[PDB]
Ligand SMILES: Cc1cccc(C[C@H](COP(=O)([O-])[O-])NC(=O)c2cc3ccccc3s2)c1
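We begin with a single chain expressed as structure tokens, specifically the form deposited without the named molecule.
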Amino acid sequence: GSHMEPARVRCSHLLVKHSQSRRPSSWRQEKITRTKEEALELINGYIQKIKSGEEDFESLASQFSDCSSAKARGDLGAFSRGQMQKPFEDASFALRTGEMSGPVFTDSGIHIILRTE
């Protein structure tokens, strides 16, 4: 039924940017050469790997994430709407505990959203 909406939710986020981006400079690569096409295929692949139970999201987010998400293993912690990236926000709050969205085209690139809570 209608469960009370949680004030704070948490999402594990992986970011795969593209060469043509607002900032193609990350903690791993100072310059990103992969094009948008690559970014998309990478995301699509990682999603399928998470679905098949190949590798842990934490491991993936600590490796193949251009964003400094590796510091928290990809975890964003308990956050609320209004303080999150808009395309990411409406995506996270559109999921549930143990749910994962698809390629979320956000500001700097595509994010994978896996909610543990």
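Residues carry their position along the shown sequence, with the first being 1.
In what follows, reference is made to the form solved in complex with the named molecule, a form of this protein that is not presented.
S.K.: Using a 4.5 Å heavy atom cut-off, are 10, 91 and 97 all in contact with the named molecule in the deposited bound form?
M.R.: Spot residues vs the named molecule: no contact at all.
S.K.: Would you please decide whether residue 76 lies within 4.5 angstroms of the named molecule in the deposited bound form, comparing each non-hydrogen atom pair?
M.R.: Yes, contact at 4.5 Å.
S.K.: Taking any heavy atom pair closer than or equal to 4.5 Å as contact, tell me whether residue 106 reaches the named molecule in the deposited bound form.
M.R.: Judged by the heavy-atom cut-off of 4.5 Å, residue 106 is in contact with the named molecule in the deposited bound form.
S.K.: How about residue 67 - does it come within 4.5 Å of the named molecule in the deposited bound form, if we only consider non-hydrogen atoms?
M.R.: Yes - in the deposited bound form, heavy atoms of residue 67 and the named molecule come within 4.5 Å of each other.
S.K.: If we define contact as a non-hydrogen atom of the residue within 4.5 angstroms of the partner, is residue 40 a contact of the named molecule in the deposited bound form?
M.R.: Taking the distances in the deposited bound form, the answer for residue 40 is no, it never comes within 4.5 Å of the named molecule.
S.K.: Of 85, 59, 35, 80, which residue is found within 4.5 angstroms of the named molecule in the deposited bound form when only non-hydrogen atoms are counted?
M.R.: After the contact test, the surviving option is 85.
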